[PDB]
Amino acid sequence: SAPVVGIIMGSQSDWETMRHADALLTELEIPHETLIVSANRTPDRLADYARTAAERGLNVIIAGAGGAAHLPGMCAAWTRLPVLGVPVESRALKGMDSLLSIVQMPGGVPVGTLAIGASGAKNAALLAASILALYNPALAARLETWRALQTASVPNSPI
């Protein structure tokens, strides 16, 4: 029941993208929390969140943000837990700024980065699931089923 994955995003505007991560975790029945935490507007909120994540029982953190996206990297700076980053598509630069701001972390503080947008949010949840599956047999089986259904469901010819 207690969350094992924390999904945080820079603002309400990121929800359209991050809701895909939320839906996936719920689909795989992975207990999680979904919050808004701004690296630039609520720095102390982020510090406290990242710093106490492990103590609170979180295993993986999924962070999404756009533009000069500092949320994933700064979160990783305060926690020992694996942090996965989702570059949210920005208006002007289409998420290229989001992507470079997240993926280019210097050696020492990693952020597992996923694709720009919805695909990335969905994959961050799946990646978090694959991480949890390493020590949760029941979940591992549900993930196997999920991947199996995905593969088996691809049509053979276009409509």
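In this text, residue numbers run from 1 along the sequence as written.
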So 96 to 104 or 46 to 54, which one's hotter by mean CA B-factor in the entry? 46 to 54
Just to confirm, going by the entry's C-alpha B-factors, which of 124, 134, 68, 111 comes out highest? 134
Split the chain's modelled residues into thirds by Cα B-factor; is residue 61 in the lowest, middle or highest one? lowest
Could you say whether, by C-alpha temperature factor, residue 152 belongs to the lowest, middle or highest third of its chain? middle
Could you place residue 118 in the lowest, middle or highest third of its chain by Cα temperature factor, using the values in the record? middle
Looking at the C-alpha B-factor of residue 35, is it in the lowest, middle or highest third of its chain? highest
